[PDB]
Amino acid sequence: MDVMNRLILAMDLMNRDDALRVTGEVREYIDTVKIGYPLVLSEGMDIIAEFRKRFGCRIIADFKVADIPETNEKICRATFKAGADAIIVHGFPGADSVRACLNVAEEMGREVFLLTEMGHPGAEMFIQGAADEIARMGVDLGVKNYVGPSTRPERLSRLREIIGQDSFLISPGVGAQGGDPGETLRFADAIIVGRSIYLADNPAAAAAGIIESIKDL
Amino acid sequence: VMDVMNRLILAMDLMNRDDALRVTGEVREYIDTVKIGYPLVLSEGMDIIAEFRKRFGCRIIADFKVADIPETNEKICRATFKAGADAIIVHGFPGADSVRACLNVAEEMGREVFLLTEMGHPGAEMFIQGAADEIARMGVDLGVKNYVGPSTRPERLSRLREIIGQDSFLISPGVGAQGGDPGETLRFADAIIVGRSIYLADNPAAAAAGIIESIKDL
Ligand SMILES: O=c1cnn([C@@H]2O[C@H](COP(=O)(O)O)[C@@H](O)[C@H]2O)c(=O)[nH]1
Ligand SMILES: O=c1cnn([C@@H]2O[C@H](COP(=O)(O)O)[C@@H](O)[C@H]2O)c(=O)[nH]1
C-alpha cells in the first residue's frame with residue numbers, strides 16, 4: 001500500500017460538513033483516510049462513497065471488528081459494500097474471528113489490518129500481554145497488514161520484529177496521545193493522525209508541519 | 001433491571017430493512033427487547049433504530065462491542081444513544097479506562113452499558129477465556145450492573161454469575177444456532193439472546209413460541 005507522505009488522516013469528526021471541509025483542507029497532503037464509527041454512526045455509511053467521490057482517497061474502516069466469525073463476516077461485507085478498501089480487526093477474539101474477515105476481504109478485493117496492541121493506558125491490562133501471540137497468529141494466518149501503538153515505541157518496534165520488514169504497519173497515537181511522528185516511522189510504514197489535525201485551528205498548517213518534521217523520511 | 005418479556009431477546013442480524021422489520025413484527029407478541037448490531041446498522045443506518053421504535057414497542061440494545069480507546073468510545077456511545085438506543089454492549093478486554101468512558105456517557109445521557117466479559121465462539125478460548133474472570137471483576141469494581149456472557153460455555157456462564165452477584169443483570173447469546181440450551185442458560189442468565197433460530201425460521205413466530213414453550217416454567 002502506497003500512502004502519500006506516510007500520513008493517514010483519522011477523520012473522527014462527527015459532522016458531515018466539518019468532516020468534508022477539514023478533509024478537503026488537507027487533501028493535498030494525503031491520499032488515505034481512516035474512517036471510524038464516530039463519523040459513520042453520525043452520518044451513515046454512505047459517507048464513505050462521498051469521500052471517494054470528492055477526494056479519490058483510499059479508505060480504511062477502523063471498525064475494531066471483534067465479534068464471532070458469523071457476525072464478523074456480515075460486518076466486513078457491509079463495510080466493503082460501502083466502499084471501504086480495508087478494515088481494522090481486533091485479534092483478541094481469536095483466529096476464527098480474524099479468518100472470517102480475511103475470507104470476505106479476499107472475496108471482495110480488500111485488505112484486513114490486524115490490530116495487535118492498542119496504545120491507550122487500559123491496553124496494559126489485558127491486550128499487551130497477548131499482543132506478541134496475536135502478532136504471531138497474524139503471521140500464521142497470512143495477515144500482511146498490522147496496527148501497533150505509537151504511544152509505546154518499544155512495543156511498536158517489537159511488533160515490527162515479529163511481522164518482519166515485508167509486512168505493512170500503520171500506527172495511531174501520534175500527536176494528541178503523545179506519539180512522535182519521526183520516532184513512530186522508525187518502525188511503522190505510516191502514521192495515523194487525528195485530533196492534532198482536525199481539531200487544529202488551521203488543519204492544513206498542522207498537516208504541513210507534521211510532514212515537515214518527517215520530510216527527512 | 002429492565003423487564004425483558006419472556007426472558008427472550010431477539011438478535012436481529014438480518015441485513016435488509018424490509019426483512020428485519022417484517023421478522024421483528026412477526027415476533028412482537030413474544031418479545032419487547034431487540035438487540036441490533038452492526039450487520040443491520042451498517043447496512044441500513046442508525047435511523048433503523050428510529051424505525052423499530054416507531055413500529056414496535058421494543059427496547060433497543062446496540063450490540064456494538066465497543067472496543068476502542070476512551071475518547072473514541074465516548075463518541076461511539078454518544079452517537080448510539082443519540083439515535084435512540086436504550087443500551088450498548090461494550091468489550092471489557094481493552095481495559096478499565098475504555099469501559100469507564102462508556103459508563104460516563106451512559107450516566108450523562110441516561111442510558112445503560114452492558115459489559116461483554118466473555119464470548120462463546122471457538123476463538124474465545126485463545127485469549128478471552130483466560131481474561132474473563134478478571135474482566136468481570138473489573139466490571140463489578142467499575143459499577144457495571146449489566147453483563148453479557150456465553151450460553152455455549154455453561155461452566156463459564158455460571159462463574160460469571162457468581163462474580164457479578166445475583167443483583168446484576170445478565171443476558172446470554174449462543175442459544176440455538178450455536179448450540180446453547182434455553183433452559184440451561186436461564187439457570188444463570190436473566191434473559192437469553194436468540195438470533196438465527198428465530199429469524200431464519202420459516203415462521204419466526206412459531207420458532208419464538210416454541211422456545212418460550214420450552215421455558216414456560218422458568
Ligand atoms: O491503539 C489504537 C487503535 N486505534 N486508535 C484510533 O486511532 C485514532 C487516533 O486519533 P488521534 O490522533 O485523534 O488520537 C482514533 O480514530 C482512534 O480510535 C487509537 O488511537 N489507538
Ligand atoms: O459471545 C458472543 C457475543 N455476541 N454474540 C452475538 O449474539 C448473536 C447470536 O446470534 P445467533 O442466535 O444467530 O447465534 C449475534 O448477534 C452475535 O454477534 C454471540 O453470538 N456471542
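One-based numbering, in listed order, for ligands and for the atoms of each. Below, chains carry the letters A, B, ... as their sequence lines are ordered, and counting in each starts from 1.
- Less than 6.0 angstrom separates the ring centroid of A:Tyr37 from the ring centroid of B:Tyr38.
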Quick one: side chains of residues 90-100 of chain A, donor-acceptor pairs under 3.5 Å with protein atoms, not counting sequence neighbours, listed by atom name and distance.
unit_1, atom_1, unit_2, atom_2, d
A:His90, NE2, B:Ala67, O, 2.9
A:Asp96, OD1, B:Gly123, N, 3.3
A:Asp96, OD2, B:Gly123, N, 2.9
A:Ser97, OG, A:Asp67, O, 2.8
A:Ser97, OG, B:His121, NE2, 3.4
A:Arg99, NH2, A:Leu141, O, 3.1

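- A salt bridge links A:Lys34 with A:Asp62: the distance from a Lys NZ or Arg NE/NH1/NH2 to an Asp or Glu carboxylate oxygen falls below 4.0 Å.
- Between A:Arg152 and A:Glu117, at least one side-chain N (NZ, or NE/NH1/NH2) sits under 4.0 Å from a carboxylate O, which counts as a salt bridge.
- Salt-bridge annotation for A:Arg6 and A:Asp189: absent, with no side-chain N of the basic residue lying under 4.0 Å from a carboxylate O of the acidic one.
- We find that B:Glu155 and B:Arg159 are not joined by a salt bridge, their nearest charged nitrogen and carboxylate oxygen being 4.0 Å or further apart.
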Taking a 3.5 Å cut-off between nitrogen or oxygen atoms, can you list every pair linking ligand 1 to the protein, with distances?
unit_1, atom_1, unit_2, atom_2, d
ligand 1, 1 (O), A:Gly119, N, 3.0
ligand 1, 4 (N), A:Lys64, NZ, 3.0
ligand 1, 12 (O), A:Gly194, N, 2.7
ligand 1, 13 (O), A:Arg195, N, 2.7
ligand 1, 13 (O), A:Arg195, NE, 2.9
ligand 1, 14 (O), A:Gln177, NE2, 2.9
ligand 1, 14 (O), A:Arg195, NH2, 2.8
ligand 1, 16 (O), A:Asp12, OD2, 2.6
ligand 1, 16 (O), A:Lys34, NZ, 2.7
ligand 1, 18 (O), B:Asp68, OD1, 2.6
ligand 1, 18 (O), B:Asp68, OD2, 3.3
ligand 1, 18 (O), B:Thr72, OG1, 2.8
ligand 1, 20 (O), A:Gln177, NE2, 2.8

